[PDB]
Every structure is written in C-alpha cells, then in structure tokens.
Amino acid sequence: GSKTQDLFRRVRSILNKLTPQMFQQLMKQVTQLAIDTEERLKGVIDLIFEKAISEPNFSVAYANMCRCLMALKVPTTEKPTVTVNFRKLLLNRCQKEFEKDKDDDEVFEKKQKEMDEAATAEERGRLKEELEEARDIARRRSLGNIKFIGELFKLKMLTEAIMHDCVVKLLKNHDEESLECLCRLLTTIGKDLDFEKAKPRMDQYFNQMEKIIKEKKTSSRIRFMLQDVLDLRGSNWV
RNA sequence: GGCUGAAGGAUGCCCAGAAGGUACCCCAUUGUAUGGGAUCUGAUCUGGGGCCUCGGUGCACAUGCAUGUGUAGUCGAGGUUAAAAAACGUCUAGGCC
Ligand SMILES: [Mg+2]
Ligand SMILES: [Mg+2]
Ligand SMILES: [Mg+2]
C-alpha cells in the first residue's frame, strides 16, 4: 500500500520542482513513474489539477507535463477488463470544475442565512470575512481552471469547439466572475484561436463585450480588463 | 504454485448515429428570455472499420550470378468502402515451468 503513497510523494515533488525552463530534464522522471492502477492515476490527476488551478503562473509547465501523459491507459478496478486513458480523467476534472458555478452560489446561499444569524457586530464581521474569503478562494479556482483549459488547448489536447462553447458560456452569464474568466481565457488563447475558420464567430464575441464596454453597467475593473483584451486583439495578440 | 501474450475484447485514430452546446441567422411566443428550426459542432455515450492491386528492397525456397515462387507487423504507387487506424504505457483465452 505504501507504493501508491510513494508515487504521490514523487509526483508532488516533481510538481513543486516543475518550472518552464528546466522542463525537459524532469520529464524523464515523469515517464519513469509506475502508474498502473486506477487509484494511482486518479490521485496523480488530482494532484496535477489542484496544483495547476491553484497556481496559474506555472500552469503552462503543468499543461505540457499533462501532454507527456496523454496516453497512459490503466484498468478500472471495478471491471478490470475496461481501461481509462489519462486524458479522459483529466478532462473530466476540468469540465466538472468549469460548471460548478451553477451550484456555486447555492453553497454561498447555504451560508448566506448565517450572515443574518450572526447577531453581534463581532460575529457579523467574522461571518462576512469568512464568506468573502470563500468567494475569493472560489474566484481564484475558476480563474486557474480557465487558464489551465486554455493552456491545454494550445497543446491540442482540446479543440476549437470546446473553447468556442466555453467563451460563449462565460459570456452568456454576464456576472462579474464569468467576465473575468472570459478575459483570462481570451488573453491566453487569442493568437491560437484568431484564425479565418473562426473569423465570423470571433467577430461577434468582442463586439458583444464592446457593448459591455460602452454600457458601463458592470464594475469598472471588469471594463478595464475587457479594454485590455480588446486592445491586445487589436495588436495581433502580442 | 511462478514466467509470457492473441489487431479476441478495451484504449487511441477514422466513419456513422444519439445526448449536450450552438455567439450569428430564421420561426414562434415575443423579451431580449424561453421554446423550435438551420448550419457549425460534439470534453460524453452507442455501433462499424485490420480492404484490394502493382512495383522496389530484403529474406527464404526451387531451379538453372540469374529466373520463378511466397512474404517483412517492409518501404513506396495506386484503387476500393462512410471509414484503410497507436501493431496499442490494458485485460483476458491461452502457451510454458
Ligand atoms: Mg442538437
Ligand atoms: Mg468505440
Ligand atoms: Mg469493433
């Protein structure tokens, strides 16, 4: 049983040491890891996903690390005649994280009543600090998940269609968190998405947020980041 | 009681179909929302796909270095079916001790 925990230790060590420049030298270590059980694979994917969405800066490296294990079949423990590819498991974690928003507010609502139940000023302030801290923890996760999906797109483990139905989903929910994520995703995938096969559809995305830019109904910071994204588009994504 | 491995399943690729999505467009309510349609898709499921024909090279054989024959998971060259695939970070049926 110590073998699974030792594999987790080595995977976490590699993730901590992983950096863009020294990438290649650690990849041999990644290919030499004995991942042969659905539990080990799920745990390694859990570690990679958590690190990649909790720390967006180095997510690029982690994305490329995932490319080195795009083909790592393992037999499902329940029915040992079935197999699960690493890609199927890593993408399921990504898609599940992407659509938690539908339920996300719910848990805050489940805590929102407590805001009323904290009678005294000390309790009210402590409850308010905890709820906004939770809101920060969630918005930091969603942004990490979006940048990780965008980084996996540049390595072709995804396709243009998932980005085109992720951008439109973020944009249809005109709430602040979604528009911040839309800014991050377009900023990280604009050059690899601005092609002539997607020229018509893209020509509406920005146009839509242009109205947002002109409406000034949302918070300023959102407009500010949208202006940055539109200006980066105007300069050929560089 | 231990070693090994079938293009038999599974995985990957390709094709068909389905759930789902679909900014823009159109139709209805009509409210910029919902529902339906049209493309475009399809992170997900259900199936199907391991064809021919000809050369080069290599190999083996059989005849007199040459010719004929068969073909190496061979390189190409073309056809055919909607589809001509990772000889596969996998499980088995076995096979051996
Ligand atoms: Mg449909
Ligand atoms: Mg199939
Ligand atoms: Mg089949």
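What is reported rests on the model, the rules as stated and the sources as named; these are not laboratory values. Here Cβ is always computed from backbone atoms with ideal geometry, including for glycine, and neighbour counts include all displayed protein chains.
Here is a check on your reading of the model: is A:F153 of a type in the set (F, W, Y), assigned by TED's automatic domain parsing to the domain that holds A:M225 and over 16 Å from the mean Cα position of the chain (by Cα)? The answer is no for A:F153.
Are any of the residues in region A:177-191 over 24 Å from A:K100 (Cα atoms) and surrounded by 11 or more Cβ atoms within 10 Å (Cβ to Cβ)? Yes, because at least one residue in region A:177-191 is over 24 Å from A:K100 (Cα atoms) and surrounded by 11 or more Cβ atoms within 10 Å (Cβ to Cβ).
Would you say A:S142 is in contact (Cβ under 8 Å) with a residue 40 or more places away in the chain, within 22 Å of A:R87 (Cα to Cα) and surrounded by 14 or more Cβ atoms within 10 Å (Cβ to Cβ)? Yes: the conditions hold for A:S142. Could you list, in sequence order, the residues of region A:26-46 that are closer than 14 Å to A:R93 by Cβ and either more than 11 Å from RNA strand B (Cβ to nearest atom) or of a type in the set (G, A, S) (or both)? Scanning region A:26-46 gives A:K42, A:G43, A:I45, A:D46. Output yes when any residue across region A:110-132 is surrounded by 12 or more Cβ atoms within 10 Å (Cβ to Cβ) and within 16 Å of RNA strand B (Cβ to nearest atom), and no when none is. No, that holds for no residue. Filtering region A:58-86 to residues that are within 24 Å of A:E151 (Cβ to Cβ), within 7 Å of RNA strand B (Cβ to nearest atom) and surrounded by fewer than 18 Cβ atoms within 10 Å (Cβ to Cβ) leaves A:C68, A:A71, A:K73, A:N85. If you go through region A:70-99 and keep only what is free of Cβ contacts under 8 Å to residues at least 40 places away in the same chain and either within 30 Å of A:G125 (Cβ to Cβ) or among the hydroxyl-bearing types (S, T, Y) (or both), you end up with A:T76, A:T81, A:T83. Taking A:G150, is it in contact with a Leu (Cβ under 7 Å, 6 or more places away or on another chain), surrounded by 19 or more Cβ atoms within 10 Å (Cβ to Cβ), over 19 Å from A:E106 (Cβ atoms) and not basic (K, R)? Yes: the conditions hold for A:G150. Residue count for region A:1-17, restricted to those that are under 13 Å from A:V44 (Cβ atoms) and either aromatic (F, W, Y) or within 24 Å of the chain's Cα centre (by Cα) (or both): 8. The lone criterion from (1) under 28 Å from A:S142 (Cα atoms); (2) among the hydrophobic types (A, V, I, L, M, F, W, C); (3) in contact with an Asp or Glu (Cβ under 6 Å, 6 or more places away or on another chain) left unmet by A:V74 is number (1). Among the residues of region A:88-108, just one is farther than 22 Å from A:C181 by Cα and more than 7 Å from RNA strand B (Cβ to nearest atom), namely A:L89. For the residues A:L232, A:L170, A:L155, A:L226, the requirement of being within 16 Å of RNA strand B (Cβ to nearest atom), of a type in the set (A, V, I, L, M), surrounded by 15 or more Cβ atoms within 10 Å (Cβ to Cβ) and touching a residue at least 40 places away in the same chain (Cβ under 8 Å) singles out A:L226.
A:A119 meets each of the listed conditions (1) within 24 Å of A:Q5 (Cβ to Cβ); (2) over 19 Å from the mean Cα position of the chain (by Cα) apart from (1). For region A:190-223, the candidate set comprises residues that are touching a residue at least 40 places away in the same chain (Cβ under 8 Å) and hydroxyl-bearing (S, T, Y); within that set, the residue that is farthest from RNA strand B (Cβ to nearest atom) is A:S219. Considering (1) within 20 Å of A:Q95 (Cβ to Cβ); (2) of a type in the set (A, V, I, L, M, F, W, C); (3) surrounded by fewer than 17 Cβ atoms within 10 Å (Cβ to Cβ), the lone condition that A:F49 does not fulfil carries the number (3).
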